[PDB]
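S.K.: dropping in the first section of the assembly, placed as in the complex:
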Amino acid sequence: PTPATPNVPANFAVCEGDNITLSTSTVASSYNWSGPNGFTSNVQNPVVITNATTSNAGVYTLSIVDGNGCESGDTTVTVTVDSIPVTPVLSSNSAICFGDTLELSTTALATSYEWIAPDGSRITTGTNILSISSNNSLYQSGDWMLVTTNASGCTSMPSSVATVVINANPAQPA
């Protein structure tokens, strides 16, 4: 009696750098997995493919051997590995006389942009330009960073550090 085909996850997808986890919920004397990049395993819970890249995309196939020595039919999961946005570049107005608007911007294209304040505050915007008024809690000098997200929800590496200089206005002289 040919065994039942194994229960394997539905098609999925990860971003370059994340982990591809394969598993089955069925019970067998032995399991037989095969796939892209030479992947192979003889267990229910194969070693996780870390730092997954585009060469790990493809079709992962499983069959099992039951207690009566018979092999089951096949089932597969298609796994894809999407892209990471190009590390964005952050251009700050840097030198700014206190009271002048602080304008942080990029040239990167993205679904959304995450700006990181020197104190760690993060403001999420849909556009390139972040305009910070002088009475805002984000009107901070120091080291600023940008992370961008694409259509698939993949996040970029953080940008290099842009620096902002907010200068004091000299006091009314005697």
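M.R.: Arrived safely, thanks for sending. Residues are numbered from 1 along each chain as shown, chains lettered A, B, ... in the order given.
S.K.: all strands for chain A, in order.
M.R.: A:12-15, A:30-34, A:40-41, A:58-65, A:75-82, A:90-92, A:96-97, A:102-106, A:112-116, A:122-125, A:130-132, A:142-149, A:162-164, A:166-167 (DSSP state E).
S.K.: list the contacts of the first one.
M.R.: Right, strand A:12-15. Contact partners of strand A:12-15, identified using C-beta atoms under 8 Å, 6 or more residues apart in numbering, comprise A:20, A:52, A:77, A:79-84, A:152-155. C-beta: built from backbone N, CA, C; applies to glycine.
S.K.: got it, and the last one?
M.R.: Strand A:166-167 is touched from outside by A:95, A:96, A:97, A:98, A:102, A:139, A:140, A:141, with contacts defined as C-beta under 8 Å, 6+ apart.
S.K.: go with 7 Å
M.R.: With contact meaning C-beta atoms under 7 Å, 6 or more residues apart in numbering, strand A:166-167 is reached by A:95, A:96, A:97, A:98, A:141.
S.K.: surely the third one meets residue A:169?
M.R.: Yes. Under the contact definition of C-beta atoms under 7 Å, residue A:97 touches residue A:169, with a separation of 6.0 Å.
S.K.: what's the span of stretch A:82-95, first residue to last?
M.R.: This stretch, stretch A:82-95, spans 39 Å end to end (C-alpha to C-alpha, to the nearest Å).
S.K.: closest to residue A:123 among the contacts of strand A:12-15?
M.R.: residue A:155 (15.5 Å; C-beta to C-beta).
S.K.: just give the nearest non-adjacent residue to residue A:55, would you?
M.R.: Once flanking residues are discounted, residue A:55 sits nearest to residue A:37: 5.0 Å by C-beta to C-beta, 6 or more residues apart in numbering.
S.K.: and residue A:95, by the same measure?
M.R.: residue A:165 is the one closest to residue A:95 (C-beta to C-beta, 6+ apart), at 4.6 Å.
S.K.: re the thing from before, can you lay out the strands of chain A as a markdown table showing mean neighbour count?
M.R.: Output for the strands of chain A, formatted as a markdown table (neighbours: other C-beta atoms under 10 Å):
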| stretch | mean neighbour count |
| --- | --- |
| strand A:12-15 | 15 |
| strand A:30-34 | 17 |
| strand A:40-41 | 13 |
| strand A:58-65 | 19 |
| strand A:75-82 | 17 |
| strand A:90-92 | 19 |
| strand A:96-97 | 15 |
| strand A:102-106 | 20 |
| strand A:112-116 | 20 |
| strand A:122-125 | 12 |
| strand A:130-132 | 17 |
| strand A:142-149 | 19 |
| strand A:162-164 | 18 |
| strand A:166-167 | 15 |
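S.K.: chain B follows; place it on the structure:
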Amino acid sequence: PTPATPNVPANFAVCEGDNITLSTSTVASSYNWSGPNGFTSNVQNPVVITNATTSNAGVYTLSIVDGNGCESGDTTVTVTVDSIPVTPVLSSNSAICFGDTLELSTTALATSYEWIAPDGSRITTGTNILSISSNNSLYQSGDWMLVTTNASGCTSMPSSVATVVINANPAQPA
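M.R.: Same chains as before, plus chain B:
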């Protein structure tokens, strides 16, 4: 009945540094691959040859063993590994009085040249010299880089950083 010869990809080609992926779409009890640099594999989807170099160029051969124990005839894919342009050198006019034309150039030969602005903007040209007028959005001071592309579409390593200095014109004195 000798099995059918396997389905293997058409001749291809990669640039030095890219990945050589081999595969077959046929079904066998076992697969037998052999090739350049000592390459060997016994699966449909052999481990990918990463950072491919010129020693990986050559003829990759596949035969398979079917369920009746018979071996198939042979089929091959020829794989070549092309060249990478020599890392180009970028010479910038550096010190420039605002209003003077900014002229970035190289000595490298290429099919096309990609110039990278300090803010990340990239302008693609067919020649050595990029001439940026003073009213252009690219008239930027700071760190500039060049990447070149050859006839086969191979991209160079980025050049070292050239620096540009745009100087201010002093104000009309009292």
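S.K.: once more on the nearest residue to residue A:55, with chain B this time?
M.R.: Leaving aside its chain neighbours, residue A:55 sits nearest to residue B:48 (4.6 Å; criterion: C-beta to C-beta, 6 or more residues apart in numbering or on different chains).
S.K.: so who does that neighbour touch?
M.R.: A:37, A:55, B:19, B:20, B:21 (C-beta atoms under 7 Å, 6 or more residues apart in numbering or on different chains).
S.K.: what parts of chain A come near chain B?
M.R.: Residues of chain A lying close to chain B (C-beta under 7 Å from any C-beta of the partner chain) are A:34, A:35, A:36, A:37, A:38, A:55, A:58, A:89, A:91, A:107, A:108.
S.K.: tell me which two in the residues you listed are the farthest apart.
M.R.: A:34 and A:91 (48.4 Å).
S.K.: do you know how far residue A:104 is from residue B:142?
M.R.: As for residue A:104, its distance to residue B:142 is 16 Å (criterion: C-beta to C-beta, to the nearest Å).
S.K.: so how far is chain B from the residue located most distally from the centre of chain A?
M.R.: Centroid-distance maximum for chain A: residue A:174 at 56.8 Å, with C-alpha atoms, centre = their mean. Going from residue A:174 to chain B by C-beta to the nearest C-beta, to the nearest Å gives 23 Å.
S.K.: residues touching residue A:21, list them.
M.R.: With contacts defined as C-beta under 7 Å, 6+ apart, residue A:21 is in contact with residue A:48.
S.K.: how about residue A:42?
M.R.: Residue A:42 makes contact with A:30, A:31, A:32, according to C-beta under 7 Å, 6+ apart.
S.K.: make CSV out of these and add distance to residue B:10.
M.R.: Output for the contacts of residue A:42, formatted as CSV (distance: C-beta to C-beta, whole Å):
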residue, distance to residue B:10
A:30, 37
A:31, 35
A:32, 31
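S.K.: tell me which residues form a beta bridge with the nearest residue to residue A:112 once chain neighbours are set aside?
M.R.: Leaving aside its chain neighbours, residue A:112 sits nearest to residue A:149 (4.8 Å; criterion: C-beta to C-beta, 6+ apart). Beta-bridge partners for residue A:149, by DSSP bridges, are residue A:112, residue A:155.
S.K.: shouldn't residue A:149 be in contact with residue A:111?
M.R.: Yes. Residue A:149 is within contact range of residue A:111, at 5.5 Å (criterion: C-beta under 7 Å).
S.K.: need the overlap of contacts for these two.
M.R.: What both residue A:149 and residue A:111 touch, as defined by C-beta under 7 Å, 6+ apart, is an empty set.
S.K.: circling back: buried subset of the contacts of residue B:48, written for ChimeraX?
M.R.: A single ChimeraX command selects the buried members of the contacts of residue B:48 (16 or more other C-beta atoms under 10 Å in any protein chain shown):
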select /A:37,55 /B:20,21
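S.K.: I am finished for the moment; much appreciated.
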